[PDB]
$ cat query03.cif   # mmCIF, C-alpha atoms and all ligand atoms
data_entry
#
loop_
_atom_site.label_atom_id
_atom_site.label_comp_id
_atom_site.auth_asym_id
_atom_site.auth_seq_id
_atom_site.Cartn_x
_atom_site.Cartn_y
_atom_site.Cartn_z
CA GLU C 13 0.00 0.00 0.00
CA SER C 14 2.97 2.29 0.60
CA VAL C 15 3.92 2.02 -3.08
CA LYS C 16 0.32 2.31 -4.25
CA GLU C 17 -0.20 5.49 -2.27
CA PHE C 18 3.14 6.93 -3.44
CA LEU C 19 2.20 6.38 -7.07
CA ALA C 20 -1.34 7.73 -6.56
CA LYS C 21 0.09 10.99 -5.20
CA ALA C 22 2.68 11.12 -7.97
CA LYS C 23 -0.08 10.84 -10.56
CA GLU C 24 -2.24 13.48 -8.88
CA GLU C 25 0.65 15.96 -8.89
CA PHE C 26 1.63 15.15 -12.47
CA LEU C 27 -1.92 15.53 -13.77
CA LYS C 28 -2.37 18.95 -12.15
CA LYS C 29 0.70 20.30 -13.98
CA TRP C 30 -0.12 18.32 -17.13
CA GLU C 31 -3.53 19.95 -17.43
CA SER C 32 -2.24 23.50 -16.72
CA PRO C 33 1.33 23.66 -18.07
CA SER C 34 3.70 26.45 -17.21
CA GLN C 35 4.69 28.72 -20.09
CA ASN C 36 7.07 31.60 -20.79
CA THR C 37 8.89 31.59 -17.44
CA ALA C 38 12.15 33.24 -18.55
CA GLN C 39 13.70 34.90 -21.58
CA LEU C 40 16.96 34.57 -23.47
CA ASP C 41 18.68 37.76 -22.31
CA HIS C 42 18.35 36.62 -18.68
CA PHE C 43 21.31 34.31 -19.43
CA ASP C 44 24.94 34.40 -20.54
CA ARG C 45 26.10 31.75 -22.97
CA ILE C 46 29.12 29.72 -21.77
CA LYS C 47 29.66 26.67 -23.99
CA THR C 48 27.97 24.34 -26.45
CA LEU C 49 27.64 20.91 -24.80
CA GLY C 50 26.01 19.06 -27.71
CA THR C 51 24.55 19.59 -31.19
CA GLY C 52 21.86 17.81 -33.17
CA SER C 53 19.92 18.09 -36.43
CA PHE C 54 17.32 20.52 -35.03
CA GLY C 55 18.78 21.64 -31.71
CA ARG C 56 21.67 22.11 -29.31
CA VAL C 57 22.33 22.05 -25.59
CA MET C 58 24.23 25.01 -24.14
CA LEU C 59 25.74 25.68 -20.77
CA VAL C 60 24.34 29.05 -19.66
CA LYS C 61 24.56 31.21 -16.55
CA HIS C 62 21.69 33.20 -15.09
CA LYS C 63 22.88 36.78 -14.94
CA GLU C 64 21.06 37.74 -11.71
CA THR C 65 21.39 34.56 -9.61
CA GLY C 66 24.67 33.21 -11.00
CA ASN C 67 23.19 29.71 -11.31
CA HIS C 68 24.27 27.50 -14.17
CA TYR C 69 21.78 25.66 -16.37
CA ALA C 70 21.73 23.50 -19.46
CA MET C 71 19.63 25.22 -22.12
CA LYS C 72 18.16 23.08 -24.88
CA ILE C 73 17.56 25.22 -27.99
CA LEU C 74 15.28 23.93 -30.76
CA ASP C 75 15.02 25.66 -34.15
CA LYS C 76 11.29 25.80 -34.95
CA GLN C 77 11.77 25.66 -38.71
CA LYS C 78 13.96 22.55 -38.42
CA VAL C 79 11.53 20.87 -36.00
CA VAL C 80 8.72 21.27 -38.55
CA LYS C 81 10.92 20.06 -41.41
CA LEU C 82 12.03 16.96 -39.48
CA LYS C 83 8.40 16.30 -38.40
CA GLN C 84 9.11 16.68 -34.67
CA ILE C 85 6.34 19.17 -33.80
CA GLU C 86 4.26 16.84 -31.63
CA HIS C 87 7.43 15.36 -30.11
CA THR C 88 8.81 18.75 -29.03
CA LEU C 89 5.44 19.69 -27.54
CA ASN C 90 5.40 16.31 -25.74
CA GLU C 91 8.90 16.86 -24.37
CA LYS C 92 8.17 20.20 -22.76
CA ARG C 93 4.68 19.39 -21.51
CA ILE C 94 5.93 16.20 -19.85
CA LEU C 95 9.11 17.72 -18.40
CA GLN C 96 7.31 20.63 -16.77
CA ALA C 97 4.91 18.13 -15.13
CA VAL C 98 7.14 15.35 -13.77
CA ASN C 99 9.04 15.14 -10.49
CA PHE C 100 11.32 12.21 -9.64
CA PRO C 101 14.84 11.95 -8.13
CA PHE C 102 16.41 10.49 -11.28
CA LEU C 103 14.88 12.87 -13.88
CA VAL C 104 16.65 16.08 -14.89
CA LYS C 105 14.56 19.01 -13.64
CA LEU C 106 13.11 21.61 -15.99
CA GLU C 107 13.59 25.05 -14.46
CA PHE C 108 12.27 27.40 -17.21
CA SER C 109 10.86 27.30 -20.71
CA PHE C 110 10.08 29.94 -23.34
CA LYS C 111 10.11 30.58 -27.09
CA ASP C 112 10.94 33.49 -29.39
CA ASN C 113 10.55 34.21 -33.13
CA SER C 114 12.95 31.39 -34.11
CA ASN C 115 13.52 28.90 -31.27
CA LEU C 116 12.07 26.86 -28.43
CA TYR C 117 14.02 26.84 -25.15
CA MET C 118 14.05 24.39 -22.25
CA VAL C 119 16.32 25.46 -19.37
CA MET C 120 17.29 22.40 -17.31
CA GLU C 121 19.40 21.76 -14.21
CA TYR C 122 23.01 21.36 -15.35
CA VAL C 123 24.53 17.97 -14.47
CA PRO C 124 28.33 18.47 -14.63
CA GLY C 125 29.34 14.78 -14.38
CA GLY C 126 28.65 14.08 -18.04
CA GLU C 127 27.03 11.21 -19.87
CA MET C 128 27.17 7.67 -18.58
CA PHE C 129 28.30 6.86 -22.14
CA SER C 130 31.61 8.70 -21.67
CA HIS C 131 32.39 6.97 -18.37
CA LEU C 132 31.44 3.53 -19.72
CA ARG C 133 33.64 3.93 -22.79
CA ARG C 134 36.48 5.24 -20.61
CA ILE C 135 36.43 2.32 -18.14
CA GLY C 136 35.41 -0.31 -20.71
CA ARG C 137 32.62 -2.01 -18.82
CA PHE C 138 30.97 -1.71 -15.43
CA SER C 139 31.05 -4.44 -12.80
CA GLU C 140 27.69 -6.06 -12.15
CA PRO C 141 27.21 -4.15 -8.86
CA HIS C 142 27.96 -0.88 -10.69
CA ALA C 143 25.58 -1.71 -13.58
CA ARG C 144 22.96 -2.81 -11.03
CA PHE C 145 23.17 0.49 -9.13
CA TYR C 146 22.31 2.42 -12.32
CA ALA C 147 19.78 -0.18 -13.53
CA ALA C 148 17.85 0.07 -10.23
CA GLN C 149 17.43 3.79 -10.77
CA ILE C 150 16.06 3.18 -14.27
CA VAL C 151 13.67 0.51 -12.92
CA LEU C 152 12.22 2.97 -10.39
CA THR C 153 12.12 5.78 -12.96
CA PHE C 154 10.17 3.62 -15.42
CA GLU C 155 7.87 2.47 -12.60
CA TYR C 156 7.12 6.16 -12.02
CA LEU C 157 6.78 7.17 -15.68
CA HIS C 158 4.70 4.16 -16.68
CA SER C 159 2.28 4.76 -13.80
CA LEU C 160 1.69 8.23 -15.32
CA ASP C 161 0.92 6.59 -18.70
CA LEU C 162 4.26 7.92 -20.01
CA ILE C 163 6.62 5.95 -22.27
CA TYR C 164 10.18 7.24 -22.44
CA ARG C 165 11.35 5.69 -25.77
CA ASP C 166 14.99 6.86 -25.80
CA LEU C 167 16.89 4.84 -23.18
CA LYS C 168 20.62 4.71 -24.01
CA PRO C 169 23.85 5.59 -22.16
CA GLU C 170 24.07 9.05 -23.74
CA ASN C 171 20.79 10.07 -22.10
CA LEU C 172 21.84 9.18 -18.55
CA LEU C 173 23.87 11.89 -16.87
CA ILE C 174 25.90 11.25 -13.72
CA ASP C 175 25.34 13.86 -11.02
CA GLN C 176 27.52 15.14 -8.18
CA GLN C 177 26.49 12.21 -5.95
CA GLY C 178 27.16 9.61 -8.64
CA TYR C 179 23.46 9.06 -9.30
CA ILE C 180 21.64 9.04 -12.65
CA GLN C 181 19.62 11.89 -14.15
CA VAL C 182 17.67 10.93 -17.25
CA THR C 183 17.86 13.64 -19.89
CA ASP C 184 16.22 14.17 -23.27
CA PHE C 185 12.46 13.64 -23.30
CA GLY C 186 12.32 14.29 -27.05
CA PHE C 187 10.55 10.99 -27.72
CA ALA C 188 8.60 10.74 -24.44
CA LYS C 189 4.83 10.51 -24.83
CA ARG C 190 1.67 10.13 -22.77
CA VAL C 191 0.04 6.97 -24.11
CA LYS C 192 -2.99 5.04 -22.93
CA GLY C 193 -2.78 1.76 -24.78
CA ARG C 194 -0.64 1.73 -27.92
CA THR C 195 1.39 4.16 -29.99
CA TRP C 196 2.98 3.77 -33.44
CA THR C 197 5.77 6.27 -34.16
CA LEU C 198 9.09 5.00 -35.40
CA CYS C 199 11.61 6.64 -33.07
CA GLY C 200 14.49 5.76 -30.79
CA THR C 201 18.04 4.72 -31.52
CA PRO C 202 18.62 1.58 -33.64
CA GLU C 203 20.64 -0.48 -31.13
CA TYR C 204 17.90 0.00 -28.51
CA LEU C 205 14.73 -0.54 -30.57
CA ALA C 206 12.38 -3.31 -29.51
CA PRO C 207 11.29 -5.79 -32.22
CA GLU C 208 7.73 -4.47 -32.27
CA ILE C 209 8.98 -0.97 -33.15
CA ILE C 210 11.09 -2.37 -36.01
CA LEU C 211 8.09 -4.34 -37.29
CA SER C 212 5.77 -1.25 -37.27
CA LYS C 213 3.35 -2.60 -34.66
CA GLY C 214 1.27 -0.66 -32.20
CA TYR C 215 3.48 -0.83 -29.13
CA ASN C 216 3.41 0.09 -25.45
CA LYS C 217 5.60 0.53 -22.36
CA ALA C 218 7.15 -2.89 -23.00
CA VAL C 219 9.57 -1.16 -25.39
CA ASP C 220 11.16 0.65 -22.44
CA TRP C 221 11.75 -2.64 -20.63
CA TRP C 222 13.38 -4.12 -23.76
CA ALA C 223 15.62 -1.06 -23.89
CA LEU C 224 16.56 -1.61 -20.23
CA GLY C 225 17.76 -5.09 -21.19
CA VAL C 226 19.89 -3.53 -23.92
CA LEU C 227 21.25 -0.96 -21.46
CA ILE C 228 22.11 -3.50 -18.77
CA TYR C 229 23.82 -5.71 -21.34
CA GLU C 230 25.85 -2.75 -22.67
CA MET C 231 26.81 -1.56 -19.18
CA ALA C 232 28.02 -5.02 -18.18
CA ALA C 233 29.70 -6.04 -21.46
CA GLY C 234 30.94 -2.70 -22.77
CA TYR C 235 29.00 -3.03 -26.03
CA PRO C 236 25.35 -3.52 -26.93
CA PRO C 237 23.95 -6.97 -27.72
CA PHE C 238 22.85 -6.15 -31.30
CA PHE C 239 25.60 -4.33 -33.23
CA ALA C 240 26.38 -3.86 -36.93
CA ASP C 241 27.51 -1.30 -39.50
CA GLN C 242 24.08 -0.72 -41.06
CA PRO C 243 20.76 -0.26 -39.21
CA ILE C 244 19.11 -3.01 -41.29
CA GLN C 245 21.73 -5.47 -40.05
CA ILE C 246 21.08 -4.37 -36.45
CA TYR C 247 17.36 -4.83 -37.02
CA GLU C 248 17.78 -8.37 -38.36
CA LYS C 249 19.62 -9.36 -35.17
CA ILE C 250 17.05 -7.71 -32.91
CA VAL C 251 14.09 -9.53 -34.44
CA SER C 252 15.89 -12.91 -34.49
CA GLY C 253 15.52 -13.85 -30.84
CA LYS C 254 19.23 -14.69 -30.50
CA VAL C 255 21.65 -13.04 -28.07
CA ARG C 256 25.14 -14.18 -27.07
CA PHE C 257 26.31 -13.42 -23.54
CA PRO C 258 29.93 -12.92 -22.41
CA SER C 259 31.13 -15.79 -20.27
CA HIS C 260 31.86 -13.34 -17.43
CA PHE C 261 28.13 -12.58 -17.04
CA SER C 262 26.60 -14.13 -13.93
CA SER C 263 23.85 -16.71 -14.43
CA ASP C 264 21.43 -14.31 -12.70
CA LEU C 265 22.30 -11.52 -15.16
CA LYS C 266 21.84 -13.80 -18.15
CA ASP C 267 18.47 -14.96 -16.84
CA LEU C 268 17.24 -11.39 -16.29
CA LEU C 269 18.40 -10.32 -19.75
CA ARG C 270 16.66 -13.24 -21.48
CA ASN C 271 13.42 -12.03 -19.89
CA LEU C 272 13.93 -8.35 -20.75
CA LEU C 273 15.24 -9.12 -24.28
CA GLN C 274 12.21 -11.29 -24.89
CA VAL C 275 11.13 -10.76 -28.49
CA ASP C 276 7.52 -11.75 -27.67
CA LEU C 277 6.27 -8.64 -25.93
CA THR C 278 3.47 -10.57 -24.17
CA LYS C 279 6.17 -12.59 -22.33
CA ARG C 280 8.59 -9.75 -21.59
CA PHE C 281 9.43 -8.79 -18.01
CA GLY C 282 7.77 -5.54 -17.09
CA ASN C 283 4.77 -6.34 -19.30
CA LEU C 284 3.31 -9.28 -17.34
CA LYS C 285 0.52 -9.35 -14.77
CA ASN C 286 3.02 -8.66 -11.97
CA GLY C 287 4.42 -5.66 -13.86
CA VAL C 288 7.62 -4.17 -12.52
CA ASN C 289 7.79 -6.58 -9.57
CA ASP C 290 8.95 -9.39 -11.84
CA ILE C 291 12.07 -7.25 -12.33
CA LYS C 292 12.43 -5.90 -8.80
CA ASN C 293 12.14 -9.43 -7.29
CA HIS C 294 14.53 -11.06 -9.73
CA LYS C 295 17.62 -12.71 -8.21
CA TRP C 296 19.92 -10.26 -10.03
CA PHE C 297 18.44 -7.47 -7.84
CA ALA C 298 18.53 -9.47 -4.59
CA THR C 299 21.09 -7.07 -3.07
CA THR C 300 19.14 -3.91 -4.06
CA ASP C 301 17.44 -1.89 -1.33
CA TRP C 302 14.88 -0.15 -3.52
CA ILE C 303 13.90 2.42 -0.91
CA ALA C 304 17.54 3.24 -0.11
CA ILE C 305 18.19 3.83 -3.84
CA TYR C 306 15.14 6.10 -4.12
CA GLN C 307 16.28 8.03 -0.99
CA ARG C 308 19.83 8.31 -2.48
CA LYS C 309 21.27 6.71 0.67
CA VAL C 310 23.42 4.14 -1.19
CA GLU C 311 27.05 5.10 -1.74
CA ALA C 312 27.61 5.38 -5.46
CA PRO C 313 30.12 3.36 -7.52
CA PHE C 314 31.97 6.54 -8.41
CA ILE C 315 31.67 10.30 -8.24
CA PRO C 316 32.53 12.15 -11.46
CA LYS C 317 35.59 14.38 -11.29
CA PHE C 318 34.64 18.02 -11.81
CA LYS C 319 35.73 21.30 -10.26
CA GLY C 320 32.40 23.05 -9.73
CA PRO C 321 28.94 23.78 -11.14
CA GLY C 322 30.44 25.57 -14.15
CA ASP C 323 32.94 22.87 -15.12
CA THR C 324 32.45 21.50 -18.64
CA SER C 325 35.40 19.07 -18.63
CA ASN C 326 33.14 15.98 -18.76
CA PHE C 327 31.48 17.18 -22.00
CA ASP C 328 33.19 17.51 -25.32
CA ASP C 329 34.01 20.29 -27.75
CA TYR C 330 31.71 21.57 -30.51
CA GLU C 331 31.87 24.45 -32.96
CA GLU C 332 30.33 27.52 -31.31
CA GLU C 333 27.48 28.74 -33.53
CA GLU C 334 25.17 31.77 -33.24
CA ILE C 335 21.83 31.69 -31.45
CA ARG C 336 20.10 33.76 -34.14
CA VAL C 337 16.61 35.13 -33.49
CA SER C 338 14.73 36.26 -36.60
CA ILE C 339 13.08 39.65 -36.84
CA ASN C 340 9.91 37.77 -37.91
CA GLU C 341 7.98 35.08 -36.04
CA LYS C 342 8.34 31.57 -37.47
CA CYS C 343 5.84 28.74 -37.04
CA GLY C 344 3.77 30.60 -34.46
CA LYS C 345 0.64 28.50 -34.98
CA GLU C 346 2.47 25.18 -34.75
CA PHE C 347 3.98 25.95 -31.33
CA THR C 348 1.18 27.98 -29.75
CA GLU C 349 0.94 25.71 -26.70
CA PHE C 350 4.67 25.73 -25.98
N1 LIG R 1 21.01 18.66 -18.38
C1 LIG R 1 22.29 18.71 -18.71
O1 LIG R 1 23.20 19.06 -17.91
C2 LIG R 1 22.66 18.31 -20.12
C3 LIG R 1 23.98 18.45 -20.50
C4 LIG R 1 24.39 18.03 -21.75
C5 LIG R 1 23.44 17.46 -22.60
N2 LIG R 1 23.82 16.94 -23.82
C6 LIG R 1 22.88 16.86 -24.94
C7 LIG R 1 23.37 15.84 -25.95
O2 LIG R 1 24.69 16.15 -26.41
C8 LIG R 1 25.59 16.15 -25.32
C9 LIG R 1 25.20 17.17 -24.28
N3 LIG R 1 22.15 17.35 -22.27
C10 LIG R 1 21.78 17.77 -21.05
#

$ encode --input "query03.cif" --output "structure tokens"
Amino acid sequence: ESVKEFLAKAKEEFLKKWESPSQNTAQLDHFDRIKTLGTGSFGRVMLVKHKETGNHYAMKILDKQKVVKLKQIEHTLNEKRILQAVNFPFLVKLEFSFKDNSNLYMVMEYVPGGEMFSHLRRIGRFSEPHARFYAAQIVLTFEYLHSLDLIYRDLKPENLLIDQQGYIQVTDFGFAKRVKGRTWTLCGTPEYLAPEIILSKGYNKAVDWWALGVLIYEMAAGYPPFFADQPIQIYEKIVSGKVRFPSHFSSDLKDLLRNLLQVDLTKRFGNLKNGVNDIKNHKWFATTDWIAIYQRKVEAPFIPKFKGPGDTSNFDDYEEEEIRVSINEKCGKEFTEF
């Protein structure tokens, strides 16, 4: 009942913000630009500093004309409406949002420890206890999101930032969506796509649990289970129902992964009658104190090295491009609700 009441309150609080979203809570000239942390086909993430408070933030900047072109309108509206409504220890917090003639802006807490991806590639692979510490946080985060009828749809090491305490903060809600029942959009990253996405089925939260299997495998092995030069070759392996495990994997890990990387979504852990408890009660998680993880009372496997809230050392170097704002409003109608 403790968990039931926790999730009932979480849903109440989410729905209140979901039905009355915040809007237009800062503006661009409230900030100084520091550094580009990442660049994409329709947006960027910038380290910025608030000129009055001195606080640092990560500012996600989306070009409205490119969002339209790349058919991401609904997705960008999803991202912001969800982020301003959620509240969980392992989700990056949205602090402000606004738009101008050219761009959409989401101003997030800055997490200076960098992407899990960097640390994993630097060390090679994580020990099972280390992988399990991160995986437990994703299990609880999906328990939370799925109870809100949210599917995340972009789990991968690049989207998990490591904070000052060594805990995870999930970033990038660009493909997150509120879904009752099924949804159909092809999105995600190839290595992490569930078979039912590849096969163009109506799919549900089970795709997040598949992706968790991929993530745990990659954390523990150093590479993802389905790998190839071309996406179509990756997709053939995903749909095949065949995975090879390193001999150093524990039997418990292999058993969990066979049940998360279950190609038949009606048999996949997280999508059965017992829901998330099939995962939480699995032998691979026998040492996990779920409440202690939630309360951030567990000592982390490692603390990222960084010098302060403005340190960018754990992010990499990108060409510094203008944040241009047109004299004329672009795509006003499309983004009215943002
Ligand atoms: N909330 C943050 O501190 C943050 C920092 C960097 C970042 N990314 C986007 C993808 O490219 C690499 C940099 N996203 C979010």

$ residues_near_ligand --input "query03.cif" --ligand "ligand LIG 1 (chain R)" --cutoff "7 Å" --atoms "all atoms listed in the file" --output "list in words"
residues 49, 50, 51, 56, 57, 69, 70, 104, 120, 121, 122, 123, 124, 126, 183, 184 and 327 of chain C

$ residues_around --input "query03.cif" --residues "segment 331-339 of chain C" --least-positions-apart "6" --cutoff "8 Å" --atoms "all atoms listed in the file" --output "ChimeraX atom specification"
/C:47-48,112-115

$ closest_atom_pairs --input "query03.cif" --of "segment 199-258 of chain C" --to "segment 155-162 of chain C" --cutoff "12 Å" --atoms "all atoms listed in the file" --output "CSV"
residue,atom,partner,partner_atom,distance
C:216,CA,C:162,CA,9.6
C:217,CA,C:158,CA,6.8
C:218,CA,C:158,CA,9.8
C:219,CA,C:158,CA,11.3
C:220,CA,C:158,CA,9.3
C:221,CA,C:155,CA,10.3

$ write_last_selection --input "query03.cif" --atoms "C-alpha atoms" --output "JSON list (two decimals), keeping the file's coordinate frame"
[["chain", "number", "residue", "atom", "x", "y", "z"],
["C", 216, "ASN", "CA", 3.41, 0.09, -25.45],
["C", 217, "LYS", "CA", 5.60, 0.53, -22.36],
["C", 218, "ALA", "CA", 7.15, -2.89, -23.00],
["C", 219, "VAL", "CA", 9.57, -1.16, -25.39],
["C", 220, "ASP", "CA", 11.16, 0.65, -22.44],
["C", 221, "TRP", "CA", 11.75, -2.64, -20.63]]

$ atom_distance --input "query03.cif" --atom1 "atom CA of residue 119 of chain C" --atom2 "atom CA of residue 74 of chain C"
11.5 Å

$ closest_atom_pairs --input "query03.cif" --of "segment 147-256 of chain C" --to "segment 306-324 of chain C" --cutoff "8 Å" --atoms "only C-alpha atoms" --output "Markdown table"
| residue | atom | partner | partner_atom | distance |
| --- | --- | --- | --- | --- |
| C:149 | CA | C:306 | CA | 7.4 |
| C:152 | CA | C:306 | CA | 7.6 |
| C:174 | CA | C:316 | CA | 7.1 |
| C:175 | CA | C:316 | CA | 7.4 |
| C:176 | CA | C:315 | CA | 6.4 |
| C:177 | CA | C:315 | CA | 6.0 |
| C:178 | CA | C:315 | CA | 4.6 |
| C:179 | CA | C:312 | CA | 6.7 |

$ residues_around --input "query03.cif" --residues "residue 271 of chain C" --least-positions-apart "6" --cutoff "12 Å" --atoms "only C-alpha atoms" --output "PyMOL selection string"
chain C and resi 218+221-226+253+255+264-265+277-284+290-291+294+296

$ build_atoms --input "query03.cif" --residues "segment 160-186 of chain C" --atoms "N, CA and C atoms" --output "tab-separated table (two decimals), keeping the file's coordinate frame"
chain	number	residue	atom	x	y	z
C	160	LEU	N	2.26	7.00	-14.79
C	160	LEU	CA	1.69	8.23	-15.32
C	160	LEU	C	1.22	8.09	-16.77
C	161	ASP	N	1.24	6.86	-17.31
C	161	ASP	CA	0.92	6.59	-18.70
C	161	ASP	C	1.94	7.22	-19.65
C	162	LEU	N	3.18	7.40	-19.19
C	162	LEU	CA	4.26	7.92	-20.01
C	162	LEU	C	5.17	6.79	-20.47
C	163	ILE	N	5.58	6.83	-21.73
C	163	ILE	CA	6.62	5.95	-22.27
C	163	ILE	C	7.80	6.84	-22.62
C	164	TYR	N	9.01	6.39	-22.31
C	164	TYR	CA	10.18	7.24	-22.44
C	164	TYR	C	10.79	7.17	-23.84
C	165	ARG	N	11.04	5.96	-24.36
C	165	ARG	CA	11.35	5.69	-25.77
C	165	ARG	C	12.73	6.17	-26.23
C	166	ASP	N	13.64	6.52	-25.33
C	166	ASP	CA	14.99	6.86	-25.80
C	166	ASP	C	16.06	6.45	-24.79
C	167	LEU	N	15.89	5.28	-24.14
C	167	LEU	CA	16.89	4.84	-23.18
C	167	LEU	C	18.16	4.43	-23.92
C	168	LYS	N	19.28	4.98	-23.47
C	168	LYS	CA	20.62	4.71	-24.01
C	168	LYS	C	21.62	5.44	-23.11
C	169	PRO	N	22.89	5.01	-23.12
C	169	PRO	CA	23.85	5.59	-22.16
C	169	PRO	C	24.07	7.07	-22.32
C	170	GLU	N	23.90	7.62	-23.53
C	170	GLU	CA	24.07	9.05	-23.74
C	170	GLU	C	23.04	9.88	-23.01
C	171	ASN	N	21.87	9.31	-22.71
C	171	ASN	CA	20.79	10.07	-22.10
C	171	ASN	C	20.75	9.93	-20.59
C	172	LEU	N	21.77	9.34	-19.99
C	172	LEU	CA	21.84	9.18	-18.55
C	172	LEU	C	23.03	9.99	-18.08
C	173	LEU	N	22.78	11.09	-17.40
C	173	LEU	CA	23.87	11.89	-16.87
C	173	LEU	C	24.17	11.48	-15.45
C	174	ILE	N	25.43	11.63	-15.05
C	174	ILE	CA	25.90	11.25	-13.72
C	174	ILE	C	26.08	12.53	-12.92
C	175	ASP	N	25.37	12.63	-11.79
C	175	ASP	CA	25.34	13.86	-11.02
C	175	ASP	C	26.44	13.86	-9.95
C	176	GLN	N	26.45	14.94	-9.15
C	176	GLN	CA	27.52	15.14	-8.18
C	176	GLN	C	27.59	14.04	-7.13
C	177	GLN	N	26.50	13.31	-6.90
C	177	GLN	CA	26.49	12.21	-5.95
C	177	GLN	C	26.71	10.86	-6.62
C	178	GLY	N	26.98	10.85	-7.92
C	178	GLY	CA	27.16	9.61	-8.64
C	178	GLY	C	25.87	8.94	-9.05
C	179	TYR	N	24.74	9.60	-8.88
C	179	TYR	CA	23.46	9.06	-9.30
C	179	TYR	C	23.09	9.52	-10.72
C	180	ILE	N	22.13	8.80	-11.30
C	180	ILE	CA	21.64	9.04	-12.65
C	180	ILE	C	20.63	10.17	-12.69
C	181	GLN	N	20.67	10.94	-13.78
C	181	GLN	CA	19.62	11.89	-14.15
C	181	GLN	C	19.31	11.64	-15.61
C	182	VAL	N	18.10	11.19	-15.89
C	182	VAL	CA	17.67	10.93	-17.25
C	182	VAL	C	17.39	12.25	-17.92
C	183	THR	N	17.98	12.44	-19.10
C	183	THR	CA	17.86	13.64	-19.89
C	183	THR	C	17.33	13.27	-21.28
C	184	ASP	N	16.74	14.26	-21.91
C	184	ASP	CA	16.22	14.17	-23.27
C	184	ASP	C	14.90	13.41	-23.30
C	185	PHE	N	13.81	14.17	-23.21
C	185	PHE	CA	12.46	13.64	-23.30
C	185	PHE	C	11.87	13.86	-24.70
C	186	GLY	N	12.75	13.98	-25.70
C	186	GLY	CA	12.32	14.29	-27.05
C	186	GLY	C	11.39	13.28	-27.67
